[PDB]
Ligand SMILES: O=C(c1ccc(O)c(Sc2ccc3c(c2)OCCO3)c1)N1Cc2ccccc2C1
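Only one chain is given next, in structure tokens, and it is the form deposited without the ligand.
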């Protein structure tokens, strides 16, 4: 059973600007998704300081990067706090209406797209490289859900009866045909070293074959 929702107008405008602006420095999407994973991991760690049972759904706090050349997907997995269904619907747990407003004002004043994370809407930088994004998530207080969007003004949410996650978020980037460099080990390693050197959780880059 699949529910289809319209993006709020401002989020549809953000996504269109990300997809249609000429901007070569696309690799920052990975920094932004890793930063979001780090933020989610910090939240479950904080909750666990006063309630150790918060980690009954998984004690390890980590980020995995999983390229798949046959499916043309790059998946970013973390064991952070996850998202409830309500968080997914509410712009993946962001204040994206006010963040988009500020970001578009900053772009008109001379900022560039790489600054998107300063406005709290870095998730949507996935559309620099992905034609479709699927987000699987599990929060301790809710069931496992799949969010998906190919932009175009709408997103879907469904209960996910597939591979159980324990707790956390998996962002599956269905890459554009001309963006397959982000499946190459040496390219991913270079981006993680350049932009994510101070992330305080283990980042494991899986290899293929």
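Numbering follows the first chain given and starts at 1. We call the rigid core the largest set of C-alpha positions that still match within 1.5 Å between the two forms. Residues that one form lacks are left out of the comparison.
The next section is about a form of this same protein that is not shown, the form solved in complex with the ligand.
J.: Given the ligand as it appears in the bound PDB entry, superposed onto the chain shown via the C-alphas lining its site, indicate whether the pocket is open or blocked by backbone or C-beta atoms at a 2.4 Å cut-off with 3 or more atoms counting as blocked.
T.: Judged against the ligand in the bound PDB entry, the pocket is blocked.
J.: Could you tell me if residue 74 has a non-hydrogen atom within 4.5 Å of the ligand in the bound PDB entry?
T.: Because no heavy atom of residue 74 falls inside 4.5 Å of the ligand in the bound PDB entry, the answer is no.
J.: Indicate whether residue 43 is a 4.5 Å heavy atom neighbour of the ligand in the bound PDB entry.
T.: Flag for residue 43 set to yes.
J.: So, in the bound PDB entry, is residue 81 in contact with the ligand at a 4.5 angstroms heavy atom limit?
T.: Answer yes; at least one heavy atom of residue 81 falls within 4.5 Å of the ligand in the bound PDB entry.
J.: Applying a 4.5 Å heavy atom distance criterion, does residue 39 contact the ligand in the bound PDB entry?
T.: Flag for residue 39 set to yes.
J.: Residue by residue through 45-64, which ones have a non-hydrogen atom no more than 4.5 angstroms from the ligand in the bound PDB entry?
T.: Contacting residues: none.
J.: With the two forms fitted on the rigid core, I'd like to know which residue in 113, 135, 92, 129 is displaced by 2 angstroms or more at its CA between this form and the one not shown.
T.: After core superposition, the one over threshold is 92.
J.: Residue 134 to residue 91, Cα distance in the bound PDB entry relative to here: closer or farther, by 3 Å or more?
T.: Note: Cα gap between residue 134 and residue 91 widens in the bound PDB entry.
J.: Relative to what's shown here, the Cα pair residue 113 and residue 91 differs by 3 Å or more in the bound PDB entry. Does it come closer or drift farther?
T.: Note: Cα gap between residue 113 and residue 91 widens in the bound PDB entry.
J.: When the two are fit on their core, where are the runs of 3+ residues whose C-alphas each shift at least 2 angstroms between this form and the one not shown?
T.: The run that moves is 90-94, and no other.
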